[PDB]
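Protein chains in written order, with the numbering used here: chain A, 36 to 466; chain B, 395 to 449. Each residue gets a CB set at the ideal place from its N, CA and C atoms; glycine is no exception.
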Amino acid sequence: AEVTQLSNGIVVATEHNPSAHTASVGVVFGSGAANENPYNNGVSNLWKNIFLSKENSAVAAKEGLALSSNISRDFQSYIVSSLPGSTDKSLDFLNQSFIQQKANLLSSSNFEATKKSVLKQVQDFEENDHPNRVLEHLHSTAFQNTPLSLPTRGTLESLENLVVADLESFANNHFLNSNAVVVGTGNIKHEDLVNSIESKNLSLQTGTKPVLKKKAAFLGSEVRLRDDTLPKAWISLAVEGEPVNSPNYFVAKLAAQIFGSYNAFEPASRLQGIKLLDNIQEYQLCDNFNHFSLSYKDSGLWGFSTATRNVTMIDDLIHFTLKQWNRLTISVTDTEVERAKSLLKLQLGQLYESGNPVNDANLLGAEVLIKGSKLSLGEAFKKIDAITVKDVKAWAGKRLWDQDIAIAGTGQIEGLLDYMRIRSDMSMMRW
Amino acid sequence: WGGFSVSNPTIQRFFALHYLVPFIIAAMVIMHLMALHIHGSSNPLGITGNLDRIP
Ligand code: HEC
């Protein structure tokens, strides 16, 4: 495989997979949820859903073109998938959708129907999807009074104040030339995409997205959304992780991989090679957990989210999990590092080299927006092979051993104790 | 008195009893802590404290 890249003010980056049967072509902007003030919050979600609106999707589906979109903290994307003989049709449709006009998408009826639909979706997310809203409050309290705290989904109190003028103001300030990368993944060649872009004009705008006054800074805090009428207790807990373009990126991900993920109901998940499972399976402390190493442009998060029904033994869950985290600084073995190497090679090659072209388009767009070129997977495997136990211990002493944490929880979290015992459990007192 | 006025047996038995009764006080303190622990402390407002407990 190979990733090429060229420039004319726009950036054209591709992945010619000749074995695939489709071809995704779309623009990936460099603005995201982290580029909004807290009063126009959710305008990226509303651009996602006016791009995926019914009239626009119908006009797309007349030619056999499926639309896709994604709103992250750092990057938006607007991807159009088609057969590999219709890349010109997809480019001309994306041109007509964004560049040539926006007033037909931003009519009164389409905007009011879409605002109604996104208000319904945000309310449905707020009162029914519990582990994701725990993770969103974890971001909202780890990075508070700072633009990386804003949720990608938007809030009900802000999103019902947006009108068309704010949509157009965000479009003029963020849908720009240098801010964007046009991405073609799947079964298209790079030269075909560049010659077809130069065949059209496709000039988005003059350029220069506004620069944020405040950089992201981690802030140890907690938020407790206690709802006694829920059957479980969802809780995330994280420290300041590593951002992208850091030398400790793959080390932070391998540290997340050491303790892995778990599902107490699957039989092959209870037999993993984690030493936390011997403590966690005896009295059935949780139903599931997953360790995440989230990496953003300015900062990052490293921690775990979990859910449990054993609501009287939440503190034992947090206790054994954090003592296992303290094992990284002091006495992590060689076999755990080798196992995490093999599993992280596995899940990283599943992530970057799955068969779905829209996910490849999102990942390639994000990576060539942030760091200018895509690191191919072989050099990634060499960087994973270069990690030793001393690198993990040095990273854990830098980032894990007695550092501030951020906690978010909802449900029956009365069994979760104060902030100070969870904070003081980050250092063992025995080392 | 152990006699007819405050004399040598009185002071000796007062020393023995005085050595003895603080251990009865320690046992009553343990019983006191049990009778406390079955309902928890009060609070200076006079309302319940079952809502916001800290360890
Ligand atoms: C006759 C009154 C009384 C005496 C005497 C007394 N206690 Fe208490 N004690 C209480 C009461 C009443 C409480 C419960 C406080 C409240 O109202 O919440 C209490 C509570 C306590 C507590 C829990 C902490 C606290 O402040 O409530 C301790 C410890 C305690 N007592 C120890 C002792 C000890 C030790 C002694 C003597 C050895 C003693 N008490 C003698 C009435 C008494």
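In terms of residue numbering, what span does the alpha helix (DSSP H) encompassing residue i cover?
i                         : result
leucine 289 of chain A    : 284-294
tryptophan 395 of chain B : Where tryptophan 395 of chain B is concerned, there is no enclosing alpha helix (DSSP H), given that its DSSP letter is neither H nor E.
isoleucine 442 of chain A : Not the alpha helix (DSSP H): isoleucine 442 of chain A falls in the beta strand (DSSP E), residues 441-446.
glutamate 233 of chain A  : 225-234
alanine 375 of chain A    : 369-387
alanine 200 of chain A    : 199-209
residue 26 of chain A     : Since the first residue of chain A shown is 36 and the last is 466, residue 26 of chain A is not available in this structure.
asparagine 212 of chain A : Segment: none, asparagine 212 of chain A is in no alpha helix (DSSP H) and carries neither H nor E.
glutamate 192 of chain A  : 191-194
Do you know how far the Cα of residue j is from the Cα of residue i?
i                            : j                            : result
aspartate 123 of chain A     : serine 231 of chain A        : 7 angstroms
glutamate 161 of chain A     : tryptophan 466 of chain A    : 43 angstroms
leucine 410 of chain A       : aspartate 263 of chain A     : 47 angstroms
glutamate 317 of chain A     : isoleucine 457 of chain A    : 22 angstroms
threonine 243 of chain A     : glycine 65 of chain A        : 11 angstroms
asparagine 76 of chain A     : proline 186 of chain A       : 8 angstroms
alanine 429 of chain A       : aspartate 453 of chain A     : 29 angstroms
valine 258 of chain A        : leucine 445 of chain B       : 17 angstroms
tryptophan 269 of chain A    : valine 169 of chain A        : 7 angstroms
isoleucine 293 of chain A    : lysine 406 of chain A        : 27 angstroms
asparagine 437 of chain B    : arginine 447 of chain B      : 11 angstroms
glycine 432 of chain A       : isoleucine 419 of chain A    : 20 angstroms
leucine 41 of chain A        : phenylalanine 133 of chain A : 22 angstroms
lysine 267 of chain A        : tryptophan 360 of chain A    : 24 angstroms
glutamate 388 of chain A     : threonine 341 of chain A     : 28 angstroms
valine 393 of chain A        : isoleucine 114 of chain A    : 7 angstroms
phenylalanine 398 of chain B : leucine 427 of chain B       : 42 angstroms
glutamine 135 of chain A     : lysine 425 of chain A        : 55 angstroms
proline 449 of chain B       : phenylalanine 110 of chain A : 43 angstroms
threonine 190 of chain A     : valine 246 of chain A        : 23 angstroms
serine 296 of chain A        : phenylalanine 339 of chain A : 9 angstroms
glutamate 449 of chain A     : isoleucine 353 of chain A    : 13 angstroms
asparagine 214 of chain A    : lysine 250 of chain A        : 18 angstroms
residue 474 of chain A       : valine 216 of chain A        : This structure cannot speak to residue 474 of chain A, because chain A is shown only from 36 to 466.
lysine 235 of chain A        : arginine 374 of chain A      : 50 angstroms
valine 367 of chain A        : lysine 358 of chain A        : 12 angstroms
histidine 412 of chain B     : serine 462 of chain A        : 48 angstroms
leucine 126 of chain A       : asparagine 397 of chain A    : 17 angstroms
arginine 407 of chain B      : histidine 433 of chain B     : 40 angstroms
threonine 181 of chain A     : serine 175 of chain A        : 9 angstroms
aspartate 439 of chain A     : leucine 173 of chain A       : 13 angstroms
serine 116 of chain A        : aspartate 437 of chain A     : 48 angstroms
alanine 101 of chain A       : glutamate 171 of chain A     : 29 angstroms
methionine 422 of chain B    : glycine 443 of chain B       : 26 angstroms
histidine 209 of chain A     : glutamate 371 of chain A     : 44 angstroms
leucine 399 of chain A       : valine 60 of chain A         : 12 angstroms
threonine 343 of chain A     : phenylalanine 355 of chain A : 14 angstroms
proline 119 of chain A       : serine 408 of chain A        : 25 angstroms
Could you give the first and the last residue of the continuous beta strand (DSSP E) run that contains residue i?
i                         : result
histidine 51 of chain A   : 46-51
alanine 251 of chain A    : No beta strand (DSSP E) holds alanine 251 of chain A; DSSP gives it neither H nor E.
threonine 39 of chain A   : 39-42
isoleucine 270 of chain A : 268-275
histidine 431 of chain B  : Run containing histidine 431 of chain B: none in the beta strand (DSSP E); it sits in the alpha helix (DSSP H), 402-431.
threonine 356 of chain A  : Segment 349-365 is the alpha helix (DSSP H) holding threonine 356 of chain A; no beta strand (DSSP E) there.
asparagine 323 of chain A : 323-330
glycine 120 of chain A    : Counting along the chain, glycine 120 of chain A falls outside any beta strand (DSSP E), and DSSP gives it neither H nor E.
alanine 148 of chain A    : Looking at the DSSP string, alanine 148 of chain A is not in any beta strand (DSSP E); the run it does join, the alpha helix (DSSP H), is 143-163.
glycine 221 of chain A    : 215-221
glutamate 257 of chain A  : 257-261
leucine 336 of chain A    : 335-343
Hey, would you say the C-beta of residue i is under 8 angstroms away from at least one heavy atom of ligand 3?
i                     : result
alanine 96 of chain A : Inclusion of ligand 3 in the displayed structure is not the case, the ligand content consisting of ligand 1 alone.
Practice problem: For ligand 1, enumerate in chain order all residues having a CB closer than 7 angstroms to any of its heavy atoms. | Solution: B:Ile419, B:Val423, B:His426, B:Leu427, B:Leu430, B:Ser435 and B:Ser436
Exercise. Write down every uninterrupted run of the beta strand (DSSP E) in the segment 57-103 of chain A whose length is 3 residues or greater and which is fully enclosed by it, in chain order.
Key: 58-64
Practice problem: Only counting runs of 3 or more residues, tell me where the beta strand (DSSP E) segments fall wholly within the segment 403-430 of chain A, in order along the chain. | Solution: none
Practice problem: Run through the segment 293-321 of chain A for me and flag every whole beta strand (DSSP E) of 3 or more residues, listed as ranges in chain order. | Solution: 296-298
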